[PDB]
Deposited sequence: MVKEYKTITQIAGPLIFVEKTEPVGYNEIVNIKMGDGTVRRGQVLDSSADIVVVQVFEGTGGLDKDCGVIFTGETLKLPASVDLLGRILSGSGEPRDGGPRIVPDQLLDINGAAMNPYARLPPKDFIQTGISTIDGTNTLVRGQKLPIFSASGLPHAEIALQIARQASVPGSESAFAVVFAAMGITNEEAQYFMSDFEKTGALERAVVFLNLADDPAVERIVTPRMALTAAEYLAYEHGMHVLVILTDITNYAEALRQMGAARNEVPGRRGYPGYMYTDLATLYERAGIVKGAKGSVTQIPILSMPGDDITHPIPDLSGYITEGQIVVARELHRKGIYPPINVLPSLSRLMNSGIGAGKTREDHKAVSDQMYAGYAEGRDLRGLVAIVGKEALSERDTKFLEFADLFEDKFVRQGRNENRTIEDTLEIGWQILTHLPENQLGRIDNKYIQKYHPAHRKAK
């Protein structure tokens, strides 16, 4: 009748078995079993002799940082089990950590097509929208390695959670975190394709609980990277009461309509305002809607999105992010004097407009021929190439500061006639344009 909770399995259980559960806060719930792995039971609680169990707990400690764990929080790094400061329920009920404050202030990802044009702010949920065969995992990993909060008095941490991945992918992520030293400031949760589906379902909840704990109890800005929500959804649609039931039809369980919202609700500035939880969920377009209907991923898209584009990938460009369909709705809260730089908005606006114009002119060029294009139009056409070649394109290991990003922006903007810079205040042209300054 109510919330799904996650319980430590201590004996075999049957479908719809009535159970009593001891919660993290010491209270008890009664509920019904939906599904189970070897170690975990999924229980749907009721409001207000049988099996008595305890909830599955995150072993919460600052010593989570530097560790690589399974989806259930068990070590994968050869290290000892986490010694907990606190044992926390994982479904979101623990801590009540979120403030009623808007997201704000800069997270530097080091990727120009995010920081420059679609800025990530602390407390935001900003999905990466992608598809099979595109390098969204590479982008996610690069952000994990590079992200920081310039000028903040609060410490920064990363929670990286990968779901449904292959053995070789897991080995790769582990090696990357270890060799780069990104592991020092990260908690890494790795769920394998062949791990139990219930473990996959618990994975983002373990990750979000760790993030909330570090943000709220330790005053950290925490960035949570979740790759891939689509993979999570493929497990969900075959778990418990959803098994062989069809979305929108009789028999499809109500919790399937709100499950994704239990994940996307969990982001924001935390109480005290010294910390925050920011999410970058990867949403890969599944390709199999007809055979594998999943919960609508649109619910996760309320504060913008970063779009990975096959066009740019096929051009040989990494990261292949198309800024034009990309958006950060909270960008203005994270940029400008004292955050990035005063000319940030102006430079972003002008690059966006110039790139959009240049891309339209690729069409016009095809319609009339290169020789028929005006000199002014040719400059914008060329600007779109410069934008893709110099601004969009950056190394896998290239961590650009926002100043680096804005400088590249100004350099490519010099290709346009100064009189065509309609989105940039004259004050910023005089102060920052390379032909001046």
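- Residues 1 to 11, 60 to 68, 458 to 460 of the deposited sequence have no C-alpha coordinates in the structure.
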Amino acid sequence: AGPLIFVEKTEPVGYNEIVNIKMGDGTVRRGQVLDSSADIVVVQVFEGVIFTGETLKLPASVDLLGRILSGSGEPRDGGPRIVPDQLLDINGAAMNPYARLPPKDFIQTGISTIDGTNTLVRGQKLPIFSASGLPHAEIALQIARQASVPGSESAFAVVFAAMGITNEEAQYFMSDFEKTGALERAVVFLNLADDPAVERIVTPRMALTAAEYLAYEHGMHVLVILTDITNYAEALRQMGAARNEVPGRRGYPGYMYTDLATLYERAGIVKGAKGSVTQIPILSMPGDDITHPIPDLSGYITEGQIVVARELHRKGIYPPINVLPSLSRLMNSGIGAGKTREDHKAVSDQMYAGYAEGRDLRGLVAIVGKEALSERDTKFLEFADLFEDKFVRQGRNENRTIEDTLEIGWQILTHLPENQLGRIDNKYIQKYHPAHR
From here on, numbers count along this sequence of modelled residues.
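- On average the C-alpha atoms of 171 to 179 have higher B-factors than those of the other stretch, with 171 to 179 and 111 to 119 being the two compared.
- Here the stretch with the larger average CA B-factor, out of 1 to 9 and 428 to 436, is 428 to 436.
- Of all the options 137, 210, 198, 290, the entry's greatest CA B-factor is assigned to 290.
- You'll see in the entry that, of 105, 265, 85, 349, the Cα B factor peaks at 85.
- In the PDB entry, residue 89 places in the middle third of its chain by CA B-factor.
- In the PDB entry, a CA B factor belonging to the highest third of its chain's modelled residues is recorded for residue 39.
- Residue 278: CA B factor lies in the lowest third for its chain, per the PDB record.
- Sort the modelled residues of the chain by CA B factor and residue 313 lands in the middle third.
- In this PDB entry, the Cα temperature factor of residue 28 sits in the top third of its chain's modelled residues, the highest group.
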